[PDB]
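**Q** Residue numbers (the entry's author numbering), protein chains in the order written: chain E, 3 to 106; chain C, 24 to 177, 499 to 518, 528 to 543; chain A, 5 to 26, 57 to 337, 341 to 367, 380 to 539, 542 to 574, 578 to 784; chain B, 822 to 981, 988 to 1121.
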Amino acid sequence: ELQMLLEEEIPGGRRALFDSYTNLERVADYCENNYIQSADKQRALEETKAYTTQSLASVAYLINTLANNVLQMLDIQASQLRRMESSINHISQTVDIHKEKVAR
Amino acid sequence: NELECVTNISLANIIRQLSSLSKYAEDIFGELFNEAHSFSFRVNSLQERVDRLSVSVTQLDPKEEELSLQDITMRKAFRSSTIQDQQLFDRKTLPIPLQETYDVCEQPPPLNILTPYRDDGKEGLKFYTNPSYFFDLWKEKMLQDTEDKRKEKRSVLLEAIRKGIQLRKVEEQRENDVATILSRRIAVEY
Amino acid sequence: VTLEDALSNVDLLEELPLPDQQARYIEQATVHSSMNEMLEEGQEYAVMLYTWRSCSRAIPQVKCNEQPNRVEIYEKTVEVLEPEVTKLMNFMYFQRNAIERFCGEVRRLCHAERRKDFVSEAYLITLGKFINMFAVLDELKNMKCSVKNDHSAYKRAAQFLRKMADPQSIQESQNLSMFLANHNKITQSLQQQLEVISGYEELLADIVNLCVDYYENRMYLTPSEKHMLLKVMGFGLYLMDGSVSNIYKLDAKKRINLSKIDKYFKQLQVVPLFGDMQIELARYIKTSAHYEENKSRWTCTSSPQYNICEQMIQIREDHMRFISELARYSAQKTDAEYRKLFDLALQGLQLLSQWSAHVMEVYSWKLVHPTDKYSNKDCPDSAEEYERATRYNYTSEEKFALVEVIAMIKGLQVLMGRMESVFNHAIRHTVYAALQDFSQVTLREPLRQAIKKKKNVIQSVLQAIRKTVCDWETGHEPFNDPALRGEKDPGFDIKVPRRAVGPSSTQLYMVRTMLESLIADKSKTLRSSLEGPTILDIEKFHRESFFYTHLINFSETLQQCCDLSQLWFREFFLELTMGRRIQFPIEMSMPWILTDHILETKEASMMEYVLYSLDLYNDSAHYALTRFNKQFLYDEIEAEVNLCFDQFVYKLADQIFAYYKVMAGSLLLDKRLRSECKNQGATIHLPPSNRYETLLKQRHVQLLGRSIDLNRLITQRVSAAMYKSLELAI
Amino acid sequence: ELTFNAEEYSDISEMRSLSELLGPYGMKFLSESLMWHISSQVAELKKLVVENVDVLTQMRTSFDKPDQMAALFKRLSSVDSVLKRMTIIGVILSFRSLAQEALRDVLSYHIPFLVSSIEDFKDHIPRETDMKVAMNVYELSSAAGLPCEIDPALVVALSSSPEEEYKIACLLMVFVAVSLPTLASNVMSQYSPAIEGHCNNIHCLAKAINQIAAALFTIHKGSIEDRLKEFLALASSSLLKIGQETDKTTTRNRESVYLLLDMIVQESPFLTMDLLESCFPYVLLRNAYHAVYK
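1) Suppose the cutoff is 8 Å on Cβ atoms and the five residues either side in sequence are ignored; what does the same chain contact list for residue 691/A look like?
2) Among the residues of its own chain, which have a CB less than 8 Å from the CB of residue 133/A, if the five just before and after it don't count?
3) Do we get a CB-CB distance below 8 Å when we pair residue 81/E with the residues of chain B?
4) Report yes if the CB atom of residue 4/E is closer than 8 Å to the CB atom of residue 90/E, and no otherwise.
5) Using C-beta distances below 7 Å, list every residue in its chain close to residue 22/E, excluding the 5 sequence neighbours before and after it, in chain order.
6) If we define contact as Cβ-Cβ less than 8 Å, is residue 56/E a contact residue for chain A?
7) For a test of the three-state rule: what should DSSP assign to residue 15/E, helix, strand or coil?
8) Give the straight-line distance between the Cα atoms of residue 572/A and residue 606/A, rounded to the nearest whole angstrom.
9) Residue 937/B touches chain E at which residues, Cβ-Cβ below 9 Å?
10) Quick check on the DSSP output: the beta strand (DSSP E) that includes residue 308/A runs from which residue to which?
11) So residue 610/A is in the alpha helix (DSSP H); what residue range does that whole segment cover?
12) Starting from residue 880/B, trace the alpha helix (DSSP H) both ways and give me its first and last residue.
13) For residue 1018/B, which of 1030/B, 866/B, 904/B, 1071/B has the nearest alpha-carbon?
14) How is the alpha helix (DSSP H) around residue 105/A delimited, first residue to last?
15) Below 7 Å on C-beta distance, what does residue 623/A contact in chain C?
16) Entirely within the region 25 to 105 of chain E and at least 4 residues each: give me those alpha helix (DSSP H) ranges in chain order.
17) Hey, is residue 53/E's beta-carbon within less than 8 Å of any beta-carbon in chain A?
18) To which residues does DSSP link residue 760/A through a beta bridge?
19) In chain order, what residues of the same chain have a beta carbon less than 8 Å from the beta carbon of residue 160/A, not counting five sequence neighbours either side?
20) Quick check on this structure: which residue in 110/A, 145/A, 147/A, 148/A has the alpha carbon closest to the alpha carbon of residue 138/C?
21) On a CA-only basis, which of 860/B, 864/B, 946/B, 896/B is nearest residue 876/B? Give me that one, please.
22) Return yes when the Cβ of residue 710/A is within less than 8 Å of the Cβ of residue 762/A, no when it is not.
23) Using CA coordinates, which residue listed in 251/A, 256/A, 240/A is at the minimum distance from residue 266/A?
24) List, in order along the chain, the chain A residues whose C-beta lies closer than 8 Å to that of residue 129/C?
25) Taking only beta-carbon atoms, is residue 23/E less than 8 Å away from chain C?
26) Using the beta-carbon of each residue, which ones in chain A are nearer than 8 Å to residue 140/C?
27) Would you report the Cα separation of residue 512/A and residue 595/A, rounded to the nearest angstrom?
28) What in chain A is Cβ-close to residue 1030/B, meaning under 9 Å?
29) So, at 7 Å on beta carbons, what are the nonlocal neighbours of residue 296/A in its own chain, with the 5 sequence-adjacent residues on each side left out?
30) Around the Cβ of residue 701/A, are there at least 16 other Cβ atoms within 10 angstroms (buried) or fewer (exposed)?
31) In the region 34 to 48 of chain E, which residues sit with their C-beta less than 8 Å from some C-beta in chain C, listed in chain order?
32) Are the C-beta of residue 71/E and some C-beta of chain A separated by less than 8 Å?
33) For a cutoff of 8 Å on Cβ pairs, would you count residue 37/C as touching chain E?
34) At a CB-CB cut-off below 7 Å, which residues of chain E make contact with residue 48/C?
35) Closer than 9 Å, Cβ to Cβ, to anything on chain E: give me those residues from the region 942 to 955 of chain B, in chain order.
36) Taking only beta-carbon positions, decide if residue 759/A is within less than 8 Å of chain C.
Written out as structure tokens, the structure is:
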């Protein structure tokens, strides 16, 4: 259940962030040049508005998903360590019992 | 100038800012994920060890347990780990974005090429910038201060314990770490 | 595919649980822009010149004329030093052209016929900025004796190899040699080229009067601006007192007020010229042309209020009073609440700037006034000059007070930066509301008056101000408006729109300059036509609109108001050593001086402040990386932090373990025994309480981009100490 | 001059000797004897709360209006009485805490195996268990000397309409919250580093609020986190309001009373420092600590 996260969720989201970085870097230049060489400037304008809105929404969505995945991963690891602490405490108690028995 | 041109330029600028933000967010998330992955590796190793130790402990035999009175001290004592972190600001530790902004800064003059011609056999650039200078100066100050302070100041188990004390006496204890230098200074000061 | 979806994405992203975290005006605008570009280029050259390190101190020297390898060290030195000499050539050309341009502007502006028209205050301030740039560049070139030696070595090497053949090349080289050889070259050229202009001192009197006015009325925000005003005052007085002009005659005519400037200089006596190179302000008076025969006029030349410990009562009172009110403010709102947030943002910025100014002023005064071996009993005789300017120049109380003030600055900075969104919205809303109210409602009465009158210059200007900054909520100005026609209002309510958006820089500047034009003493005056209340309200709005530009950029100005980067840099004092030193020891570094003082004295009250004194390094390193823009400076800061942080961890862990061991031992001691011992005058004293809890809880200390878990390191050291204690007991 | 020394009976060594003599039975008896007095004091506090219910109910809802809130506070009655009673409760709980620590140190040393089993059991109880089982678990643990978030002795003692009682508990929290800045005017509220607390014991209010809130809102099935969060909001607002004052008599001890918020958040197992930062800036507390430690 933790492997599903570690191996493919977080790395996949990071690759998605890199892809968004590249795409947005290209879309900025495309929008600028399109406005410069556009017959109607108004139409180019609301199109640029649409691209900026889409970019903001997509980036926010991606960041939100990565944050959620990291949060869940950390919580799972904390649970594992709590369980393993309990088991280690039990082993320590058993060893102490054995040593006291030997002494007696 | 028409205003719509300025507004469109600004829109392109904010999209560029969005792309930069995406890269920076990716950097942060990768920095988190790497160390989380390291924790996962350590947890798996410790779990394997705990499973082994539990199956081993469940089959300890007290009645068969035998303790060697003669070997009480010739046995090697258990020592806990003593790892202590230092040099936390080496260049290796530099984050990635800070390195990116560091690499666009102006480099010192190529003053090393003069090195093969220098009679002293010292580096050419060490006369222009010596980051190790602070450490060297501090060490030198510490060494002379310590020396000045020093100058101013001036049955069979019986066999086993005997062997243990002999080993302890002979096997006594045996630098460029600041902590060691301070410890020596204060110890001499006492 | 809409604002709603993106905004919803952001909102849902901002709610995750994160615990464990604790006309005649366009030409003026154009010339102003060009002058600003020249200013920034001059700053680039100034930084190039401040961070110049001798490259000829590493070139091996030649002893015999038959050194086996003489040619091929000359080839090495020419190739090493060619680009540095290119830099110096560009510097010389820049300063020459800059003086040409400034003098051309001064000449154009002072023309007899043109001396009647007004000049916006912004242009005067920019002129002051050039005079200050020339001052700083000249003083920098004066200090740096390494550039002379580097150029001389390059010239010898280049002539030995016959690398230069052209006549123009030799002439340029020899011109550069003249430039570098001389002393006070730039100021001398400025003087010799100014005085040819007839009546040039009137414009400088205008500059100095404007600066005195602004300083008196406190029309500045950043400490940089506050000190720029004084520097401009001083250098303008120096320039005005040449051969063809006399400032004492000019003062006898009540054209300038020497007494006010003298009082200002007396109160504040030193300001940072650049980096750690200070400038004493009375030095401009001392060296003026006619100072000696008039030396009795000034009382700022003798020599008190720099004991930082005196201001601490007031600083604490103001800190608590302001933060208590700010903490209260942590749906759509009325205009009163947004106006209150605007007032509160401005007030916080002003307080931060004031505190930063206190700290830096004390630092500068201390630098210029090194101590002696009689003043301070502990100062060694063989004490370096820098070591005597910083290390031994402060008492214990002074160091503690400086740490307190720096910590207050940084804490209030984080608090203010936390509210950046609310402040941005409030500020933009208030600015838009004020601008639109003024433009649409307040300018109706004067415009009606001017329409009912033959005079049309006022009408053209007022109308122009309306086209510039009016946002007609229906898209067009009301048509049945009687004020526009001239007839009296019957009334005629107009609904002023609201929205959070500030005016572009260009149009805000245009509006402010046009308002300044209406209320102008000299312009046959436009202020004569205006009535009483009209000019009173115009003067009001013009005064409050001063800080709009600063406040719209709240984040940048917050950064500027809390800048303490200069406490580390030491290039000036390094140059004065004449090569004897390549850098100073950490025990001479100011941040470590403060941090180590706290650590050594084991001060309980100040134990919570240590990490801010450490944080000083972050500001210094960021400055070195982003403004100075040099790699070796960051390498040096990183090395210093590497050493000092290890020392800090060691000392802190040691004293923490000692403190808790002593407390444990004291808790278990027999109480009746303590009573008995006290009754016989042999008291076993208690251990003083101390505040280590906050340090033990630190887990993400920030230094130079690294996150340091202090708790882990303290645990390692303390566990080693506990093992040692148990071993010693057994 | 009292005819005895209080430190020769309450010292760590003395409390450990008392635990040795008395054992879990005697220590349980001592704790019950103390919770009797706490219950008495809480009864008096409830009387005081009910005789102010209208103004208290209004104040609980109008904390956003400084002028209206000041007007409401003017009409309250018996405020220093409330503070005195809560201080007494805190003192008694502090004595109980000393005794419990002594007992734990003795027991972990005489019977290590039982103590280890008890601690293992207490630590790892599922957090999804209900109150009935957790009360038995906590009762065993407390008998062993371990510290518990919800004191079972107090829960049992404070039980001797139900919705009226819940309302009364909430308004008791409100009352105590808004009455704090009255402590600045007092001259004995000085914080002494040689004491690590105030002369007139107002540093035990941390114990008083945390323990009383836990007990009452377990008895009346509330939410301890939410109630303590509301209390913190109100107390921080009141002290921030006194922050701007200038009188030299009603703000003689602003810093000492400011330190109480830090003490409360430190003691509480339900309040973290993030909440305190959100409602009360920590720079004020840093400066207060510097001032007192001068």
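Positions of the beta carbon are idealized from the N, C-alpha and C atoms, including for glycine.
**A** Per the coordinate set shown:
1) 622, 671, 674, 675, 678, 758
2) 168, 220, 223, 224, 227
3) Closer than 8 Å to the CB of residue 81/E there is not a single CB belonging to chain B.
4) no
5) Counting only Cβ-Cβ distances below 7 Å, and skipping sequence neighbours, we find 60, 61, 64.
6) yes
7) helix
8) Between the C-alpha atoms of residue 572/A and residue 606/A there is a straight-line separation of about 30 Å.
9) Chain E residues near residue 937/B: 91, 94, 95, 98.
10) 304 to 308
11) 608 to 615
12) 874 to 880
13) 1030/B
14) 105 to 143
15) By Cβ distance, chain C contributes nothing, its closest Cβ being about 14 Å from residue 623/A, past 7 Å.
16) 43 to 105
17) no
18) 757/A
19) So the qualifying residues of the chain are 66, 69, 70, 73.
20) 110/A
21) 896/B
22) no
23) 240/A
24) 683, 684, 685
25) It does: the Cβ of residue 23/E has a partner Cβ on chain C nearer than 8 Å.
26) 94, 103, 106, 107, 110
27) Between residue 512/A and residue 595/A, the C-alpha separation is close to 17 Å.
28) Going along chain A, no residue has its Cβ under 9 Å from residue 1030/B, so there is no contact; the nearest lies around 13 Å.
29) 332, 333, 334
30) buried
31) 34, 37, 43, 44, 46, 47
32) no
33) Yes - at least one Cβ of chain E is within 8 Å of the one on residue 37/C.
34) The contacting residues are 19, 65.
35) Flagged, chain order: 944, 945.
36) yes
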